[PDB]
Ligand SMILES: Cc1ccnc2c1NC(=O)c1cccnc1N2C1CC1
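Chains as they are written, first to last, in PDB author numbering: chain B, 2 to 225, 250 to 358, 364 to 428; chain A, 2 to 556.
Following this line, the structure appears as structure tokens:
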């Protein structure tokens, strides 16, 4: 028996519950989903069947780590827009601008807590959803959540008081270690404690279990000559173009070099306004030279990952040719490659900005909807968009 | 009535019960809408007089077609609108292609059902209507329902739902005789010796009848090869039925729209049907009655389709599980098609894939586009992706994803000797050929004056210009490449000031959709080594400033 012990969750003026879809899951994928949900229903509260409420929320069944069992990854993306973004004002868990500065960060899936511990009242009806049936032969019936849904940002907003007190005994015994709760996950980060963090983390993975049942099941240790003419079609062309994400900085007296015609001959290699501009530009290209590049916690963080070969270059920027961070993930031998990058980026946007970015993926809309859910482990869901036909590299890098 | 469990129904927040009145069809109306409304109780009490305090709704009697008695009608649209987003919608079509095979199935229809199941009580008050009582000075006869009313979306959602509650104990007391429902229609089927099937239908019809739902039949009443949504089906196989009647020209867009309709439905199993040219011309036609002139080829798409439409194309083994589920894309109808199958002859599902998408997304790239329709399709029809029998093979495929500017992933695919289509028609040398006559490209044209200019200028002091009138710069820059090719042999390196122009060539397209591009391709297929390269739109680049000049002045 709990019994009564809620928190008044509500939606922004002029809103209704999501009425999304549910992607037609592979059968085996539903078979499990159907299992995860039955134990959940008998595991009480966590779920109970609905029948006269329209709201629905995408639901996927997946596995995580080296895999053995499965797990539901429920896509509360519109309920967020619909509740959290609104109920993002107070309840809100603010973001520590040092978590990155604290160079070593282990993250713990402390989210199981959200379950039976606390709950929804009067609003359970919006966390509805459905588990399918191959070819819709049966009206694959729908459940309703009766506890905090391990998914929406609306939960930790609710669970920050319980979570705060629980983490209190540690925040002192082990003073300033920056702990950041984001959404079912904790970025306990710390200074380069000589490989150590292995310790304190398991220390906390344990403190959680002692002083509560909050469980980050396992230590979770994510512990971190020929200067051909054509060569200038290249050199210039991109050079001319790099400085665009810059002011009108010189390239031209290096430029003009190719006058007249004749493209397989070498130009110079050795000149004033050439070497003393190739280089002049050369020294100009180093990350920190920037300018009025600023985050405006008010304009969405757009991102554009560019497929490189075995490698993949990515670029998080807030508004046009003004990147706020532009690095490259890369693992040789690919849809399941983007998969690993789109995650790497968000898990990094977070540590850095308390919010995931909106992805512009170089993939066919639907070759993703079919298996992003293959090697997709993380519990949050970056909001993506399929931007194709196409990007422009042939440099950008070197 | 029905002893079943009522579903709570609240009126969209803020709103209220319908205030819609009407004005009589005299004796014709009332009289019909009474000798019946009186049976809304005394012959199965389906409503109760309760005339003053509630709201209202539209009474109206119709009935005519193929029968003998004046039917009532009240598909109340206001009530209909003061609650409606409310339920989760009936929404799905099981594709026969996957319905596994039962030995014997049956479709017991159900009696007036959406009226047997009950309707709340803290609601009904808004399902009232007034029948003027007596003649002209008709006092006012007012009812209100007690069951699902006809034409009120609560009905289908609640109904679909009340009946699968009822069909559960049964559907538990004897698995394996699993069933399906779509409106007054239960397509019950199992693999039982006809005999016992005969009685286990009685049980289903009996368990029904003790929950209202008095299933009208004589233990399976219905012509054995039922009419699904099209899909004339049978545990044997399935198909589609009447498919045509196109008299002769006066062919308006209204018609053509339906013909690609009739043809597409048919795609299901009839092999190689292929609507490109019959909806091709179907463009603009902003008006139905626009008797669009057909064309030369449309006649072939109707033609070649015509003959295809025999009957040596019907059904599948249904899902018959344990068999690989091969799916080969015998692609090449001057477009792309596929058939999902299980074993040897008889197919499982036939579906095309015309690609109304791209500046000639190649064979390789159109093929891939097609694997994720089959893959997406399969995943929904049988809950899995197919083995693929593909007319392509490594190399071609291999290198393209490996080097295509975007991402993609494909299930087990295996190749088969047939009409290749392996579009490795022309590839481009990445390093500017030396001992080659590099041509400088530039074309131009004015916005107002349609004055275009087909440029080019090589290192061998060569040059030429062919004028063009009625183009746009993004056209002159391609003729500006056609020439360069057309005026050279074997090698050839082209330098342009167009990202677009190359994007076409580089994407290495195919198929005539813009004749410049159509020929700028054929040249390539046969020109030992080539190498497009970009140079910043003018800005005085070497070789580009020069040609720039040629094509500029003349505007
Ligand atoms: C139209 C329809 C939709 C869904 N399932 C079925 C049917 N009807 C059949 O007649 C049918 C035919 C073949 C196999 N299953 C069938 N059945 C299944 C129930 C035995």
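For each residue, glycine too, the CB sits at the ideal point set by N, CA and C.
Would you say residue i faces chain A, with C-beta separation under 8 Å as the test?
i: residue 38/B; result: no
i: residue 287/B; result: yes
i: residue 401/B; result: yes
i: residue 332/B; result: yes
i: residue 412/B; result: no
i: residue 396/B; result: yes
i: residue 418/B; result: yes
i: residue 316/B; result: no
i: residue 27/B; result: yes
i: residue 136/B; result: yes
i: residue 362/B; result: The residue list of chain B ends a segment at 358 and starts the next at 364, so residue 362/B has no coordinates to report.
i: residue 365/B; result: yes
i: residue 5/B; result: no
i: residue 53/B; result: yes
i: residue 393/B; result: yes
i: residue 306/B; result: no
Could you have a look at residue i and say whether DSSP puts it in helix, strand or coil?
i: residue 415/A; result: strand
i: residue 87/A; result: helix
i: residue 557/A; result: In this structure chain A extends from 2 to 556, so residue 557/A is not present and cannot be described.
i: residue 133/A; result: coil
i: residue 106/A; result: strand
i: residue 352/A; result: strand
i: residue 194/A; result: coil
i: residue 535/A; result: strand
i: residue 72/B; result: strand
i: residue 142/A; result: strand
i: residue 62/B; result: strand
i: residue 335/A; result: coil
i: residue 321/B; result: coil
i: residue 201/B; result: helix
i: residue 361/B; result: A break in chain B separates 358 from 364, and the residue in question, residue 361/B, sits inside that break with no coordinates.
i: residue 49/B; result: strand
i: residue 170/B; result: helix
For residue i, count neighbouring C-beta atoms within 10 Å of its own C-beta (all shown protein chains included) and say buried if the count is 16 or more, exposed if not.
i: residue 418/A; result: exposed
i: residue 115/A; result: buried
i: residue 251/A; result: exposed
i: residue 319/B; result: exposed
i: residue 360/A; result: exposed
i: residue 498/A; result: buried
i: residue 24/A; result: exposed
i: residue 175/A; result: exposed
Which residues does DSSP pair with residue i in a beta bridge?
i: residue 348/B; result: 342/B
i: residue 182/A; result: 187/A
i: residue 340/A; result: 329/A, 351/A
i: residue 148/A; result: 119/A
i: residue 336/B; result: 355/B
i: residue 329/B; result: 390/B
i: residue 73/A; result: 62/A
i: residue 143/B; result: 131/B
i: residue 253/B; result: 291/B
i: residue 506/A; result: Paired residues: none, contrary to the question.
If you measure from the beta carbon of residue i to each beta carbon in chain B, is any gap under 8 Å?
i: residue 121/A; result: no
i: residue 148/A; result: no
i: residue 165/A; result: yes
Please confirm whether any heavy atom of ligand 2 lies closer than 7 Å to the CB of residue i.
i: residue 160/A; result: What this structure holds is ligand 1, not ligand 2.
Task: Touch test, the stretch 253-262 of chain A against the stretch 278-294 of chain A, Cβ-Cβ under 8 Å, three pairs minimum - done: Touching, yes.
Open item on the list: Does the structure place the stretch 298-316 of chain A close enough to the stretch 367-385 of chain A that three or more beta carbon pairs sit under 8 Å?
Closed with: Between the stretch 367-385 of chain A and the stretch 298-316 of chain A, the count of C-beta pairs closer than 8 Å stays below three; the two stretches do not touch.
TODO: Please confirm if the stretch 193-212 of chain B is in contact with the stretch 152-161 of chain B, defined as three or more CB-CB distances below 8 Å between the two stretches.
DONE: They do not touch, by the three-pair rule.
Open item on the list: Check whether the stretch 269-276 of chain B and the stretch 450-459 of chain A are in contact - that is, three or more C-beta pairs closer than 8 Å.
Closed with: No, they do not touch.
TODO: Tell me, please, whether the stretch 458-471 of chain A touches the stretch 502-513 of chain A by the rule of three or more beta-carbon pairs shorter than 8 Å.
DONE: In this structure the stretch 458-471 of chain A does not lie against the stretch 502-513 of chain A, because fewer than three pairs of beta carbons, one per stretch, are closer than 8 Å.
- [ ] Assess, as a yes-or-no matter, whether the stretch 423-442 of chain A is touched by the stretch 408-415 of chain A under the definition of 3 or more beta carbon pairs within less than 8 Å.
- [x] In short, these stretches do not touch, since the Cβ pair count stays below three.
Task: Segment contact, 8 Å Cβ cut-off, at least three pairs: the stretch 93-112 of chain A with the stretch 197-206 of chain A - done: Yes, they touch.
TODO: Flag this pair as touching only if the stretch 365-376 of chain A and the stretch 344-355 of chain A have three or more C-beta atom pairs under 8 Å; answer yes or no.
DONE: They touch, by the three-pair rule.
Open item on the list: Within 8 Å, do at least three Cβ pairs link the stretch 50-62 of chain A to the stretch 124-141 of chain A?
Closed with: Yes: at least three Cβ pairs fall under 8 Å.
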